[PDB]
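Please read the structure below before turning to the comments.
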RNA sequence: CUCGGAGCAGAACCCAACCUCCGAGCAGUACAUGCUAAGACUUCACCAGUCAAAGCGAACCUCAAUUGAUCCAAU
Ligand SMILES: [Mg+2]
Ligand SMILES: [Mg+2]
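What follows is the structure, given as structure tokens:
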């Protein structure tokens with residue numbers, strides 16, 4: 104669970120929450136998986152490394178997506 | 075022969091398929107690029123009302139690109 | 027060996043006894059014209075068309091819908107002639123055209139088009155996106171009656187709704203405003219349906235916004251049997267095309283099988299088949315209006331998964347088939363060392379018994 | 037065990053447009069020897085007659101998506117010439133806003149050398165670009 | 112020491128590269144200008160008849176005249 | 013003895029070099045090329061000759 | 048192909064002038 | 100294999116283990132004239148250890 | 094080829110193949126493609142890459158090599174920091 | 001005395017002749033004529049010779065043969 108983690112501070116907490124809503128469970132718990140290797144020890148290691156990188160960066174096609182968004186936003190201009 | 079329907083061409087005029095599926099041969103019409111001056115002049119000198127055909131290869135895609143499947147139910 | 031030609035071979039109409047008197051293709055453009063015309067034309071030999079082109083039945087699509095009005099073609103063409111006459115008689119259009127400084131009212135052009143020739147292009151878009159092949163299994167109709175819908179965002183602005191427009195779930199979270207300016211002295215019916223929203227089986231749809239027995243253009247008075255609920259386009263599912271259908275209810279009908287309680291957010295309740303729905307309910311009425319749009323996943327979709335629908339959210343993904351590799355052989359010849367990597371499962375090392 | 041929680045493993049969308057909007061569908065690559073390149077999803081074809089000017093945005097299957105015409109009364113009621121640079125530019129703006137209406141953000145057009153050199157086609161392309169459509173198809177994804 | 116010295120060498124060099132790239136561009140441009148200056152001369156040769164061996168006979172007069180004009184100008188400078 | 017194969021060098025000191033054909037009549041050539049280490053287009057000057065062809 | 052009825056569909060030299 | 104051998108009971112975990120005890124248990128082959136300077140450990144077997 | 098020695102009465106390997114090839118314990122042999130070192134200027138990029146790339150050899154060549162060579166060069170070999178420990182073994186082969 | 005093209009060999013492939021003909025042992029343009037990589041052809045084996053998806057990194061090659069392995073030497 105995210106908000107219950109006292110060892111994390113609030114800015115990093117809400118930052119991870121808003122940046123990685125895809126992986127968070129309905130009950131509020133963040134989950135992450137790894138099976139790239141056969142060694143589950145190494146899997147746990149790279150998982151904790153991923154979340155540490157997430158902590159650090161929180162403490163710190175896209176063309177097409179923004180194009181179609183700008184198209185939608187130039188179209189949507191209408192008055193009641 | 076000539077390419078078409080997911081069929082590339084090598085520098086030595088070798089024909090190869092781009093995707094996975096079924097090969098087949100057909101006849102279709104031929105329109106060159108304006109830079110192919112030879113065929114351009116040919117189709118100009120050609121008499122009106124008549125049009126030339128040529129052979130073409132087509133590979134029929136058997137499978138689709140992929141499939142949508144569940145990854146996690148959360 | 028040789029065999030006779032089955033059908034009339036090309037360029038047989040021409041004669042070779044006279045060649046110089048015949049005029050030639052002066053232009054690549056003219057050759058292209060003739061070429062693509064004959065390409066659209068059929069042939070007896072095997073062709074690209076009868077492999078990669080729609081295999082629609084030869085019979086015309088059945089559509090017992092609104093016929094066109096009886097417009098006096100004579101008077102219409104006369105008024106058009108007068109219009110073009112006064113247009114050419116105008117004086118500033120000469121300089122405007124010859125200086126390339128003119129424009130046109132887009133709103134007026136849009137209104138006049140959707141009035142006169144809109145419905146045919148709307149039919150076109152319908153049978154392109156596949157609304158009719160999926161709903162009626164081939165049968166079609168013409169949305170003669172125009173239709174405007176808007177999702178009012180906040181208080182000032184609004185997202186329009188027309189054939190082929192993006193709609194965000196945050197904007198579609200609430201019920202939209204609708205207009206179809208038809209008094210008719212009779213009733214109308216409207217329904218918002220999602221085709222590819224259902225997941226358990228194909229050829230199945232959901233229904234989000236239903237109104238029946240609408241006396242006139244006013245919408246609030248039209249009762250609802252299926253209450254409002256926004257769609258739930260899941261992450262990874264891609265896109266969902268949702269369509270507004272509108273039918274011309276000649277007289278009030280009953281809804282027993284269709285009567286639904288308070289939403290209950292039940293997919294088994296919302297699911298049905300528009301085909302038999304129309305076959306049983308709509309024998310009195312016929313289609314009158316049509317629109318649609320597309321929707322995608324969003325944070326509001328996530329919220330309604332976790333809270334509104336009262337269910338866990340699904341997570342789909344597009345996954346490609348594995349890349350083909352042939353059967354190995356004990357002794358490859360003239361293949362680089364990554365031949366083994368092309369087949370090895372684990373990139374990691376492994377030691378047998380040590 | 038919840039009737040709404042019931043979900044199948046595979047999800048079957050019967051939308052031909054889903055993949056092409058997701059950039060995943062396959063373009064008809066090939067025909068490198070022939071001039072009209074089938075490596076598109078939404079091709080524009082302009083017809084410049086000696087009486088009117090037509091424009092067809094159509095899908096690779098040879099079927100029409102949307103159309104603009106000088107033969108349209110709704111369009112020509114305001115219009116002096118049916119074929120001038122003004123007419124071409126206006127048809128460009130109309131087809132551009134029609135593409136914005138139909139959600140078509142991307143598309144393709146194969147002009148010839150003289151068709152590209154013609155200022156009419158140039159101003160048409162400029163009109164469409166300022167309307168908010170780009171005449172470039174994104175590169176396919178796979179791998 | 113080797114790594115550091117080679118890295119700083121390549122760094123200063125690549126930092127200097129843009130100026131010499133512009134110099135290369137203007138070099139190509141002046142070479143094309145000299146190509147212009149000589150092809151404008153080679154364009155027209157004679158306007159009387161189409162001789163075979165006479166082609167490269169009379170031009171030399173005007174060319175040497177221009178050459179001695181330039182030489183006298185330089186000597187004057 | 014019309015043409016000549018000549019080597020050019022990375023002026024940055026990278027040591028990256030390659031070879032091209034040249035006409036021995038024409039002057040010294042200096043051309044852009046993609047140096048992998050410097051990983052961008054950079055001018056190389058051709059220094060010396062190796063063999064005629 | 049020769050045996051098949053589609054033979055000679057591509058030929059054009061008899062259409063154009065020969066020289 | 101180390102787990103296998105300590106379960107078999109040929110090596111004495113109560114005492115310091117080394118290559119001498121390993122080769123006395125015949126856990127590994129060594130051929131010094133074949134310039135094998137010894138033995139490395141392997142990632143395999145991290146589980147059930 | 095030198096099926097018996099005069100001093101010991103044993104087989105003898107030709108060091109040529111030692112210089113030229115590399116053997117994998119699973120029975121494979123590899124070689125550097127010929128012509129990769131000369132005439133690079135006229136060759137094309139595709140040709141240069143095909144020549145730089147390694148290759149396997151036929152079962153015929155492999156077993157000729159194996160017959161002329163001795164067993165010591167066929168033994169299993171545990172090196173340090175050599176990438177071919179992955180490839181000495183074979184994976185996912187049937188029949 | 002090698003290589004390429006045409007007929008002999010008419011229609012997927014192969015086919016000799018001190019059989020009949022025409023040629024080559026280069027040239028021209030760039031300097032991404034960069035690197036990597038799925039899948040396939042193969043001058044009847046081998047040696048060699050070939051086409052190439054996608055990707056990184058970038059812009060926005062023609063000709064028909066047009067040629068030469070190992071060792072060794074130079075750097
Ligand atoms: Mg062979
Ligand atoms: Mg590519």
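Protein chains in written order, with the entry's author numbering: chain p, 104 to 163, 174 to 193; chain XW, 75 to 148; chain 6, 27 to 380; chain XP, 37 to 179; chain q, 112 to 188; chain 1, 13 to 65; chain f, 48 to 66; chain XM, 100 to 148; chain 3, 94 to 188. From the three backbone atoms N, C-alpha and C, an ideal C-beta is built for every residue, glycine too.
query	result
In the DSSP assignment, what are the bridge partners of residue 54 (chain 1)?	45 (chain 1)
Within 7 Å of any Cβ in chain 6, is that where the Cβ of residue 189 (chain p) sits?	yes
Rounded to the nearest angstrom, what separates residue 298 (chain 6) and residue 125 (chain XP) at their Cα positions?	47 Å
So, is the C-beta of residue 84 (chain XW) closer than 7 Å to a C-beta in chain XP?	no
Short of 8 Å in beta carbon distance, which residues of its chain neighbour residue 166 (chain q), apart from the five on each side in sequence? Order them along the chain.	156 and 157
Pairing CB atoms from the region 160-168 of chain 6 with CB atoms from the region 75-90 of chain 6, are three or more of them under 8 Å?	yes
Does any residue of chain 6 have a CB that is nearer than 7 Å to the CB of residue 48 (chain XP)?	yes
Can you list the residues of chain 6 that residue 181 (chain p) reaches, using a CB-CB cut of under 8 Å?	192
Can you look up residue 148 (chain 3) in the DSSP assignment and give me helix, strand or coil?	strand
So, do the region 90-110 of chain XP and the region 143-154 of chain 6 have three or more beta carbon pairs nearer to each other than 8 Å?	yes
Taking residue 74 (chain XP) as the reference, which of 173 (chain XP), 37 (chain XP), 88 (chain XP) and 111 (chain XP) has the closest Cα?	173 (chain XP)
Between which residues of its own chain and residue 201 (chain 6) is the CB-CB distance below 8 Å, once the five residues before and five after are set aside?	235 and 254
Against chain 3, with Cβ distances strictly below 7 Å, would residue 349 (chain 6) count as a contact?	no
Please state if the CB of residue 171 (chain 6) and the CB of residue 319 (chain 6) are separated by a distance shorter than 7 Å.	no
By the criterion of Cβ-Cβ separation under 7 Å, what are the contact partners of residue 141 (chain XP) in chain p?	180, 181 and 184
Identify the continuous beta strand (DSSP E) that holds residue 88 (chain XW) and give its terminal residues.	Here residue 88 (chain XW) belongs to no beta strand (DSSP E), and DSSP marks it neither H nor E.
Measure the alpha-carbon distance for residue 272 (chain 6) versus residue 153 (chain 6) and round it to whole angstroms.	17 Å
Can you tell me which of the three DSSP states residue 135 (chain p) falls into?	coil
Could you work out which residues of chain XW lie near residue 73 (chain f), taking near to mean beta carbons separated by less than 7 Å?	In the structure as shown, chain f begins at 48 and stops at 66. Residue 73 (chain f) is therefore absent and cannot be evaluated.
Where DSSP assigns a beta bridge to residue 183 (chain 6), which residues make up the other side?	192 (chain p) and 179 (chain 6)
Beta-carbon of residue 31 (chain 6) versus every beta-carbon of chain XP: anything under 7 Å?	no
DSSP puts residue 321 (chain 6) in a beta bridge; with which residues?	193 (chain 6) and 266 (chain 6)
Check for me: the beta strand (DSSP E) holding residue 103 (chain XP) runs from which residue to which?	100-105
What runs of the alpha helix (DSSP H), each 4 residues or longer, lie entirely inside the region 270-327 of chain 6?	293-296 and 300-307
In the DSSP assignment, what are the bridge partners of residue 171 (chain XW)?	An answer regarding residue 171 (chain XW) cannot be provided, because it is not within the stretch 75 to 148 covered by chain XW.
Who are the neighbours of residue 155 (chain 6) on chain XP, taking C-beta pairs under 9 Å?	51, 52 and 53
Less than 8 Å between the CB atoms is what I'm expecting for residue 101 (chain XW) and residue 71 (chain 6), so what's the real figure, rounded?	6 Å
Using a Cβ-Cβ distance cut-off of 7 Å, determine whether residue 225 (chain 6) contacts chain XP.	yes
DSSP three-state label for residue 29 (chain 1), please.	strand
Let me see if you follow: with CB-CB separation under 7 Å, is residue 179 (chain 3) close to chain 6 or not?	yes
Quick one: list the residues of chain 6 neighbouring residue 103 (chain XP), beta-carbon separation under 7 Å, in chain order.	147
Select from 79 (chain XP), 47 (chain XP), 54 (chain XP) and 45 (chain XP) the residue whose C-alpha is nearest the C-alpha of residue 131 (chain XP).	79 (chain XP)
By DSSP's criteria, residue 132 (chain XW) is part of a beta bridge. Which residues make up the other side?	98 (chain XW)
Do you know how far the Cα of residue 79 (chain 6) is from the Cα of residue 136 (chain 6)?	32 Å
Which two residues bound the contiguous alpha helix (DSSP H) that contains residue 156 (chain XP)?	155-167
Under 7 Å between beta-carbons, which chain XP residues line up against residue 337 (chain 6)? List them in chain order, please.	38, 40 and 41
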